[PDB]
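Asks: The following block contains the structure, expressed as structure tokens.
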Amino acid sequence: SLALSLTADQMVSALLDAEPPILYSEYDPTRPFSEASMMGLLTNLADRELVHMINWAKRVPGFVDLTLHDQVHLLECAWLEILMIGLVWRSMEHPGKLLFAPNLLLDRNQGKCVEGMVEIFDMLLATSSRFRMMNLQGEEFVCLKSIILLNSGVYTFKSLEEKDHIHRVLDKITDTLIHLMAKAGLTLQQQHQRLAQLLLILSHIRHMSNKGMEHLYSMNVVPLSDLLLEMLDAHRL
Amino acid sequence: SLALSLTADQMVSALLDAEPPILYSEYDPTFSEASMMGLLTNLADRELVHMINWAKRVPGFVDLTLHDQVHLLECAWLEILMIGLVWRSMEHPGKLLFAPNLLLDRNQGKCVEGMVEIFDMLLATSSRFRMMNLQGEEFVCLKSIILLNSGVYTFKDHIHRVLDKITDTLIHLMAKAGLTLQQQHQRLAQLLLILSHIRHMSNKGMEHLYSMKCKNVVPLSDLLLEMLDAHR
Amino acid sequence: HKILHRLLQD
Amino acid sequence: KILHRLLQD
Ligand SMILES: Oc1ccc(C(=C2CCC[C@@H](c3ccccc3)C2)c2ccc(O)cc2)cc1
Ligand SMILES: Oc1ccc(C(=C2CCC[C@@H](c3ccccc3)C2)c2ccc(O)cc2)cc1
């Protein structure tokens, strides 16, 4: 399947080259906030990111080998997790601030316009500060983000038995993360510890996603693009 | 903190020794929405009492302030119940062993709104554990990790030291099992990724377990109710 | 024809 | 809260 024949270095470069672009917001700073406008910007930003994420998912090793029903499920499961880890990643060098876009940098203060957002904001900030303390690398980040895509929805899927295929790709990415840490001059003890620390973060990105999702399908404050509605409704049942 | 001073074997034995007992459900071998939740909420409330005292025996947990102990337990209690349920359901494929006298399949549990979905995810988790041949020494490490990790960034430096310690313990266990270096970090990763799904089950479970409609189906204990409200 | 399905299908 | 009491004894 080629994805299994990939070396660690080949895995890294493939994930890096497949990275989506950073999109700009439709934010005019001369006109202050309404709950609707804020959600307007965020929903309008996420929906375009979704289009890129889908094409990004195609370039993730081993992802095309899956049936398209399985591809649909994995993305339906993980889309907010991936949006959030991306958000957290580009917000690393901006303490106390979330970099939704190069022109949209917000603190938790204006995170209070929307009800229930400040809770999610704080968690995103904590995660970002965690990535900052760990000196998380781009190569490590694209591995993690790739791990979220295939892992988040495996146990929510009749002799399919290519959940095994997903699992071996996951193992290969694990090998990749270890390879990277070995190159950074980390001892075996340090490698296993850092590996663990990184994967435990995923538990909290899952938590943030679910808490966020729960607030997202509560609405009517700004209407949602038909794709962002379908991704959202995939969780509402 | 003494927990950091512990050896890998010392950590393992301390965790095994602190293991809560498998409780029984209220007997009478007679299932509606009220009856099912009745038995489940009764069992959960009794398990919580044992969990709290179990947590006090997790190396490093005592060193935290009373406030921080509360926070971690409030955050992780349903995760810990679930990984426990998944653990003891391992040798019963296709069934959840809530209690030795309460073993359920997926068909029973559509009595309850939203329970079937969570049920299937639990069975999937249990099937994953069994196919990985999860050991007891590994399970106690994972459950302790849940306790310390799940609420740690809702706050930590000390907790992360302990988390690293348990990671050292997990690796130590795998090296003793005869696993190669590659097989070690592969298995380490595979196990930790399950935590993400356990979090997911807890979150989706909580969403149903609070909400007024589910609160009203059967009177809940003050303790169980306070643990629920912590997520609301 | 979920929008997601079509976009993945291209 | 009750959890406060149960953690001390
Ligand atoms: O790259 C992005 C990542 C996340 C978000 C976003 C977040 C991030 C922080 C705020 C979160 C929130 C918002 C309102 C209530 C509760 C939580 C959602 C969001 C907002 C609206 C949507 O329809 C979908 C995603 C956008 C881009
Ligand atoms: O060891 C246990 C593990 C889980 C449960 C339990 C589960 C069992 C699995 C399905 C869960 C559910 C129930 C209804 C709707 C959605 C999900 C509840 C439950 C029920 C009520 C509570 O207040 C707290 C925990 C008890 C003991």
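In the structure tokens, the first chain shown is A, the next is B, and so on; residue numbers restart at 1 for each chain, and ligands run from 1 in the order shown.
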For residue 118 in chain B, work out the shell of residues within 12 Å, counting only C-alpha atoms and skipping chain neighbours fewer than 3 positions away, then give it as a PyMOL selection string.
Replies: (chain A and resi 155-156+237) or (chain B and resi 82+86+96+106+109-110+112-115+121-125+197-209)
Asks: Filtering to N, CA, C and O atoms, could you give me those residues as a CSV table (one decimal), in the first residue's frame?
Replies:
chain,number,residue,atom,x,y,z
A,155,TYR,N,-13.0,2.9,16.4
A,155,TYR,CA,-13.9,2.1,17.2
A,155,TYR,C,-15.4,2.6,17.1
A,155,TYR,O,-16.1,2.3,18.1
A,156,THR,N,-15.7,3.3,16.1
A,156,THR,CA,-17.1,3.8,15.9
A,156,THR,C,-17.5,3.3,14.5
A,156,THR,O,-18.6,3.7,14.0
A,237,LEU,N,-26.7,12.9,17.6
A,237,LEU,CA,-27.6,11.7,17.6
A,237,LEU,C,-27.2,10.7,18.8
A,237,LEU,O,-26.6,11.1,19.8
B,82,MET,N,-15.5,3.5,33.4
B,82,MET,CA,-15.6,2.9,32.1
B,82,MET,C,-14.4,1.9,31.8
B,82,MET,O,-14.6,0.8,31.3
B,86,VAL,N,-14.7,-1.9,31.1
B,86,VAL,CA,-14.1,-2.5,29.9
B,86,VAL,C,-13.1,-3.6,30.3
B,86,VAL,O,-13.1,-4.6,29.7
B,96,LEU,N,-21.0,-6.8,28.4
B,96,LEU,CA,-20.4,-5.9,29.4
B,96,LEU,C,-20.7,-6.4,30.8
B,96,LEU,O,-21.8,-6.6,31.2
B,106,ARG,N,-25.8,-5.9,24.0
B,106,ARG,CA,-26.2,-4.6,23.5
B,106,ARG,C,-27.7,-4.5,23.3
B,106,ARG,O,-28.2,-3.4,23.3
B,109,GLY,N,-30.5,-2.6,26.9
B,109,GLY,CA,-29.9,-1.3,27.0
B,109,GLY,C,-30.4,-0.3,26.0
B,109,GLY,O,-30.0,0.9,26.0
B,110,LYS,N,-31.3,-0.8,25.1
B,110,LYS,CA,-32.0,0.1,24.2
B,110,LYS,C,-33.3,0.5,24.9
B,110,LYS,O,-34.1,1.3,24.5
B,112,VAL,N,-32.9,2.2,27.3
B,112,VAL,CA,-32.5,3.5,27.7
B,112,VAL,C,-32.0,4.4,26.6
B,112,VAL,O,-31.3,3.9,25.7
B,113,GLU,N,-32.5,5.6,26.5
B,113,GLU,CA,-32.1,6.5,25.4
B,113,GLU,C,-30.7,6.9,25.4
B,113,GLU,O,-30.1,7.4,26.4
B,114,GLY,N,-30.0,6.6,24.3
B,114,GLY,CA,-28.6,7.0,24.1
B,114,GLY,C,-27.6,6.0,24.7
B,114,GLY,O,-26.4,6.1,24.6
B,115,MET,N,-28.1,4.9,25.3
B,115,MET,CA,-27.3,3.9,26.0
B,115,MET,C,-26.6,2.9,25.0
B,115,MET,O,-25.5,2.5,25.2
B,121,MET,N,-19.5,1.2,22.0
B,121,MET,CA,-18.2,1.8,22.1
B,121,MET,C,-17.4,1.1,23.2
B,121,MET,O,-16.2,0.9,23.1
B,122,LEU,N,-18.1,0.7,24.2
B,122,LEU,CA,-17.5,0.0,25.4
B,122,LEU,C,-17.1,-1.4,24.9
B,122,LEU,O,-16.0,-1.9,25.3
B,123,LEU,N,-18.0,-2.1,24.2
B,123,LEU,CA,-17.7,-3.4,23.7
B,123,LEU,C,-16.5,-3.4,22.7
B,123,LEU,O,-15.7,-4.3,22.7
B,124,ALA,N,-16.4,-2.3,21.9
B,124,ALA,CA,-15.3,-2.1,21.0
B,124,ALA,C,-14.0,-1.9,21.7
B,124,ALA,O,-12.9,-2.4,21.4
B,125,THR,N,-14.0,-1.2,22.8
B,125,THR,CA,-12.9,-1.0,23.7
B,125,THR,C,-12.4,-2.3,24.3
B,125,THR,O,-11.2,-2.6,24.3
B,197,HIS,N,-10.2,7.5,23.2
B,197,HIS,CA,-11.5,7.0,23.0
B,197,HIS,C,-12.3,6.8,24.3
B,197,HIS,O,-13.5,7.0,24.4
B,198,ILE,N,-11.6,6.5,25.4
B,198,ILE,CA,-12.2,6.4,26.7
B,198,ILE,C,-12.8,7.8,27.1
B,198,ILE,O,-13.9,7.9,27.7
B,199,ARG,N,-12.0,8.8,26.9
B,199,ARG,CA,-12.4,10.2,27.1
B,199,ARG,C,-13.7,10.5,26.3
B,199,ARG,O,-14.6,11.2,26.7
B,200,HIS,N,-13.7,10.0,25.0
B,200,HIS,CA,-14.8,10.3,24.1
B,200,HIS,C,-16.1,9.6,24.6
B,200,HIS,O,-17.2,10.2,24.6
B,201,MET,N,-16.0,8.4,25.1
B,201,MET,CA,-17.1,7.7,25.7
B,201,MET,C,-17.6,8.4,26.9
B,201,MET,O,-18.9,8.5,27.1
B,202,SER,N,-16.7,8.8,27.8
B,202,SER,CA,-17.1,9.5,29.0
B,202,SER,C,-17.9,10.8,28.6
B,202,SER,O,-18.9,11.1,29.2
B,203,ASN,N,-17.3,11.6,27.7
B,203,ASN,CA,-17.9,12.8,27.3
B,203,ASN,C,-19.3,12.6,26.7
B,203,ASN,O,-20.3,13.3,27.1
B,204,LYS,N,-19.5,11.6,25.8
B,204,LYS,CA,-20.8,11.4,25.2
B,204,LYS,C,-21.7,10.8,26.2
B,204,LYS,O,-22.9,11.0,26.2
B,205,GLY,N,-21.2,10.0,27.1
B,205,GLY,CA,-22.0,9.4,28.2
B,205,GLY,C,-22.5,10.5,29.1
B,205,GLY,O,-23.7,10.5,29.5
B,206,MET,N,-21.6,11.4,29.6
B,206,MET,CA,-22.0,12.5,30.4
B,206,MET,C,-23.1,13.4,29.9
B,206,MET,O,-24.0,13.8,30.6
B,207,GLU,N,-23.0,13.6,28.6
B,207,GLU,CA,-24.0,14.5,27.9
B,207,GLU,C,-25.4,13.9,28.1
B,207,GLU,O,-26.4,14.6,28.2
B,208,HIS,N,-25.5,12.6,28.1
B,208,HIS,CA,-26.8,11.9,28.4
B,208,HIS,C,-27.0,11.8,29.9
B,208,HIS,O,-28.2,11.8,30.3
B,209,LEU,N,-26.0,11.6,30.7
B,209,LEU,CA,-26.1,11.3,32.1
B,209,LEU,C,-26.5,12.5,33.0
B,209,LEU,O,-27.2,12.4,33.9
Asks: Would you name the residues within 8 Å of ligand 1, counting only C-alpha atoms and all ligand atoms, and put them as a compact mmCIF listing (two decimals) with N, CA and C atoms, in the first residue's frame?
Replies:
# COMPACT_ATOMS: atom_id res chain seq x y z
N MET A 39 -19.17 34.61 15.90
CA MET A 39 -19.46 33.28 15.39
C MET A 39 -19.47 33.30 13.87
N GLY A 40 -19.95 34.40 13.30
CA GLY A 40 -19.91 34.59 11.86
C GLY A 40 -18.51 34.40 11.31
N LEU A 42 -15.87 33.01 12.85
CA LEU A 42 -15.32 31.71 13.19
C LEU A 42 -15.93 30.60 12.34
N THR A 43 -17.24 30.65 12.15
CA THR A 43 -17.91 29.66 11.30
C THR A 43 -17.49 29.83 9.85
N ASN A 44 -17.37 31.08 9.41
CA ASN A 44 -16.92 31.36 8.05
C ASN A 44 -15.47 30.95 7.85
N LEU A 45 -14.68 30.98 8.91
CA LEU A 45 -13.28 30.58 8.81
C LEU A 45 -13.14 29.06 8.78
N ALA A 46 -13.90 28.38 9.65
CA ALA A 46 -13.83 26.93 9.76
C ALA A 46 -14.29 26.21 8.49
N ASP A 47 -15.36 26.71 7.88
CA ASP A 47 -15.94 26.09 6.69
C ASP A 47 -14.98 26.01 5.49
N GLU A 49 -11.63 26.13 5.92
CA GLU A 49 -10.61 25.23 6.41
C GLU A 49 -11.01 23.77 6.20
N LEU A 80 -13.27 18.62 14.10
CA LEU A 80 -13.10 19.70 15.06
C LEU A 80 -11.82 19.50 15.86
N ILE A 82 -9.09 18.35 14.58
CA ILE A 82 -8.02 18.75 13.67
C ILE A 82 -7.99 20.27 13.51
N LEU A 83 -9.17 20.88 13.46
CA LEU A 83 -9.27 22.34 13.44
C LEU A 83 -8.65 22.93 14.71
N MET A 84 -8.87 22.26 15.84
CA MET A 84 -8.40 22.76 17.12
C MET A 84 -6.90 22.57 17.33
N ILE A 85 -6.36 21.43 16.92
CA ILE A 85 -4.93 21.21 17.10
C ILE A 85 -4.16 22.13 16.16
N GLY A 86 -4.75 22.45 15.01
CA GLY A 86 -4.14 23.37 14.07
C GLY A 86 -4.14 24.76 14.69
N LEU A 87 -5.28 25.15 15.25
CA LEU A 87 -5.41 26.42 15.94
C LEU A 87 -4.40 26.55 17.07
N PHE A 100 -6.51 32.45 15.34
CA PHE A 100 -7.46 31.86 14.39
C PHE A 100 -7.01 32.13 12.96
N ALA A 101 -6.47 33.32 12.74
CA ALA A 101 -5.96 33.72 11.44
C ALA A 101 -4.86 34.76 11.65
N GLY A 111 -13.39 36.45 24.20
CA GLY A 111 -13.90 35.10 24.13
C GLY A 111 -15.15 34.95 24.97
N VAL A 114 -19.44 35.17 23.06
CA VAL A 114 -20.21 33.94 22.89
C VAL A 114 -20.31 33.20 24.22
N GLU A 115 -21.52 32.81 24.58
CA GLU A 115 -21.76 32.05 25.80
C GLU A 115 -21.24 30.62 25.67
N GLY A 116 -20.35 30.24 26.58
CA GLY A 116 -19.79 28.90 26.59
C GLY A 116 -18.48 28.79 25.85
N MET A 117 -17.98 29.91 25.35
CA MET A 117 -16.76 29.91 24.55
C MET A 117 -15.51 30.10 25.40
N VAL A 118 -15.64 30.85 26.49
CA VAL A 118 -14.50 31.14 27.35
C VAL A 118 -13.94 29.85 27.97
N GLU A 119 -14.82 28.89 28.24
CA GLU A 119 -14.39 27.61 28.80
C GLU A 119 -13.51 26.89 27.79
N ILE A 120 -13.95 26.87 26.54
CA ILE A 120 -13.22 26.21 25.47
C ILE A 120 -11.94 26.98 25.16
N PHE A 121 -12.03 28.30 25.19
CA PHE A 121 -10.87 29.16 24.96
C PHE A 121 -9.74 28.86 25.94
N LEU A 124 -8.01 25.61 25.16
CA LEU A 124 -7.17 25.77 23.98
C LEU A 124 -5.88 26.51 24.33
N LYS A 211 -16.70 18.95 24.05
CA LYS A 211 -17.28 20.08 24.77
C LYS A 211 -17.66 21.21 23.80
N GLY A 212 -16.81 21.43 22.81
CA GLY A 212 -17.06 22.46 21.81
C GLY A 212 -18.24 22.07 20.94
N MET A 213 -18.20 20.83 20.44
CA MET A 213 -19.27 20.29 19.62
C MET A 213 -20.63 20.40 20.30
N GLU A 214 -20.64 20.12 21.60
CA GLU A 214 -21.86 20.17 22.40
C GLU A 214 -22.46 21.57 22.41
N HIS A 215 -21.61 22.59 22.35
CA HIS A 215 -22.07 23.97 22.31
C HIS A 215 -22.42 24.40 20.88
N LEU A 216 -21.81 23.75 19.90
CA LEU A 216 -22.00 24.12 18.50
C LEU A 216 -23.35 23.67 17.95
N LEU A 224 -25.13 28.24 9.31
CA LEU A 224 -23.97 27.41 9.02
C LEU A 224 -23.97 26.90 7.59
N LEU A 228 -20.69 22.42 7.02
CA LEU A 228 -20.44 22.57 8.45
C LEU A 228 -21.65 22.12 9.26
Asks: Hey, list the chain C side of the contact with chain A: 8 Å cut-off, only C-alpha atoms, answer as a PyMOL selection string.
Replies: chain C and resi 2-5+7-9
Asks: I need the chosen residues saved as a short mmCIF file (atom, residue, chain, number, x, y, z; two decimals), in the first residue's frame, with C-alpha atoms.
Replies:
data_model
loop_
_atom_site.label_atom_id
_atom_site.label_comp_id
_atom_site.auth_asym_id
_atom_site.auth_seq_id
_atom_site.Cartn_x
_atom_site.Cartn_y
_atom_site.Cartn_z
CA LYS C 2 -23.14 14.14 1.80
CA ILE C 3 -21.11 17.21 0.84
CA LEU C 4 -18.19 15.49 2.55
CA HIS C 5 -18.77 12.41 0.39
CA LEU C 7 -15.64 16.38 -1.92
CA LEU C 8 -13.83 13.16 -1.03
CA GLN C 9 -15.05 11.66 -4.31
#
Asks: Which residue, A:34, A:189, A:203, A:218, has the smallest gap to chain B when you use only C-alpha atoms?
Replies: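 Checking each of A:34, A:189, A:203, A:218 against chain B, counting only C-alpha atoms, the winner is A:203.
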Asks: Tell me, as a list in words, which residues lie within 9 Å of residue 161 in chain B, counting only C-alpha atoms; anything in the same chain fewer than 5 positions away does not count.
Replies: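 In the requested form, the answer reads residues 4, 156 and 166 of chain B.
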Asks: Produce a file of the selected residues containing N, CA, C and O atoms, as a JSON list (two decimals), in the first residue's frame.
Replies:
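As a result, selection_6.json now contains:
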[["chain", "number", "residue", "atom", "x", "y", "z"],
["B", 4, "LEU", "N", 7.93, 9.64, 43.26],
["B", 4, "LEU", "CA", 9.03, 9.78, 42.31],
["B", 4, "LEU", "C", 10.20, 8.89, 42.71],
["B", 4, "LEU", "O", 10.97, 8.44, 41.86],
["B", 156, "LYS", "N", 0.68, 21.19, 38.60],
["B", 156, "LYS", "CA", 0.68, 20.48, 37.33],
["B", 156, "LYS", "C", 2.07, 19.94, 37.01],
["B", 156, "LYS", "O", 2.21, 18.88, 36.39],
["B", 166, "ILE", "N", 4.96, 6.90, 35.56],
["B", 166, "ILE", "CA", 4.08, 5.81, 35.14],
["B", 166, "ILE", "C", 4.45, 5.34, 33.73],
["B", 166, "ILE", "O", 4.40, 4.15, 33.44]]
Asks: Suppose you want the space between atom 24 (C, counted along the ligand's line) of ligand 2 and CA of residue 138 in chain B; what is it in Å?
Replies: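 If I compute the distance from atom 24 (C, counted along the ligand's line) of ligand 2 to CA of residue 138 in chain B, I get 24.6 Å.
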Asks: Any idea what's packed within 12 Å of residue 65 in chain B, counting only C-alpha atoms, ignoring anything in its chain fewer than 3 positions away? Could you give it as a PyMOL selection string?
Replies: (chain B and resi 56+60-62+68-72+156+158-159) or (chain D and resi 4+7-8)
Asks: What's around residue 142 in chain A at 10 Å? Count only C-alpha atoms, leave out sequence neighbours fewer than 2 positions away in its own chain, and write the answer as a short mmCIF file (atom, residue, chain, number, x, y, z; two decimals) with N, CA and C atoms, in the first residue's frame.
Replies:
data_model
loop_
_atom_site.label_atom_id
_atom_site.label_comp_id
_atom_site.auth_asym_id
_atom_site.auth_seq_id
_atom_site.Cartn_x
_atom_site.Cartn_y
_atom_site.Cartn_z
N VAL A 12 7.65 11.78 7.13
CA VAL A 12 7.70 13.17 7.57
C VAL A 12 7.49 14.15 6.41
N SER A 13 8.28 14.00 5.35
CA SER A 13 8.23 14.91 4.22
C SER A 13 6.87 14.88 3.53
N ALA A 14 6.26 13.70 3.47
CA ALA A 14 4.94 13.55 2.87
C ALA A 14 3.88 14.31 3.67
N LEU A 15 3.99 14.27 5.00
CA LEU A 15 3.05 14.97 5.86
C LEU A 15 3.27 16.48 5.81
N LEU A 16 4.53 16.90 5.75
CA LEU A 16 4.87 18.31 5.65
C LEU A 16 4.40 18.91 4.33
N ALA A 18 2.06 18.00 2.54
CA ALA A 18 0.61 17.92 2.41
C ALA A 18 -0.11 18.96 3.26
N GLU A 19 0.66 19.73 4.03
CA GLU A 19 0.09 20.70 4.96
C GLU A 19 -0.83 21.71 4.27
N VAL A 60 -2.73 12.17 3.31
CA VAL A 60 -2.24 11.46 4.48
C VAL A 60 -2.06 9.99 4.13
N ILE A 85 -6.36 21.43 16.92
CA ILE A 85 -4.93 21.21 17.10
C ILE A 85 -4.16 22.13 16.16
N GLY A 86 -4.75 22.45 15.01
CA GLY A 86 -4.14 23.37 14.07
C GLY A 86 -4.14 24.76 14.69
N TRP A 89 -1.64 24.93 17.46
CA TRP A 89 -0.28 24.89 16.94
C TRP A 89 0.21 26.26 16.46
N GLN A 137 7.70 20.34 17.80
CA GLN A 137 8.20 20.61 16.46
C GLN A 137 7.10 20.46 15.42
N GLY A 138 7.29 21.08 14.26
CA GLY A 138 6.34 20.98 13.17
C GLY A 138 6.18 19.55 12.69
N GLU A 139 7.31 18.85 12.58
CA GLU A 139 7.31 17.44 12.19
C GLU A 139 6.54 16.58 13.20
N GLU A 140 6.68 16.90 14.48
CA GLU A 140 5.93 16.19 15.52
C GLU A 140 4.45 16.51 15.42
N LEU A 144 1.13 14.07 14.88
CA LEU A 144 0.01 14.07 15.83
C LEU A 144 -1.32 14.30 15.14
N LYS A 145 -1.36 15.34 14.30
CA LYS A 145 -2.57 15.68 13.57
C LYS A 145 -2.98 14.55 12.64
N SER A 146 -2.01 13.91 12.00
CA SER A 146 -2.28 12.71 11.23
C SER A 146 -2.81 11.59 12.13
N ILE A 147 -2.28 11.46 13.34
CA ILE A 147 -2.72 10.40 14.26
C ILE A 147 -4.17 10.61 14.67
N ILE A 148 -4.57 11.86 14.85
CA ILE A 148 -5.96 12.16 15.21
C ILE A 148 -6.96 11.70 14.14
N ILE A 173 3.46 5.77 12.14
CA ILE A 173 3.58 7.16 12.59
C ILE A 173 4.23 7.21 13.96
N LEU A 177 7.50 9.30 14.93
CA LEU A 177 7.68 10.17 16.09
C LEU A 177 8.93 9.79 16.88
#
Asks: Give as a count of residues only every residue of chain A that touches chain B within 9 Å, counting only C-alpha atoms.
Replies: 38
Asks: Just how far from CA of residue 222 in chain A is CA of residue 28 in chain A, in Å to one decimal?
Replies: 17.3 Å
Asks: Report the residues of range 36-230 of chain B whose backbone DSSP state falls under alpha helix (DSSP H), written as a VMD selection string.
Replies: chain B and resid 36 to 55 66 to 88 115 to 132 136 to 149 157 to 177 181 to 209 212 to 215 222 to 229
Asks: Just to confirm, what's the straight-line distance from atom 19 (C, counted along the ligand's line) of ligand 2 to CA of residue 208 in chain A in Å (one decimal)?
Replies: 21.8 Å
Asks: Contacts of residue 33 in chain A at 9 Å or less, counting only C-alpha atoms, minus same-chain residues fewer than 4 places along, as a PyMOL selection string?
Replies: chain A and resi 37-38+110+113
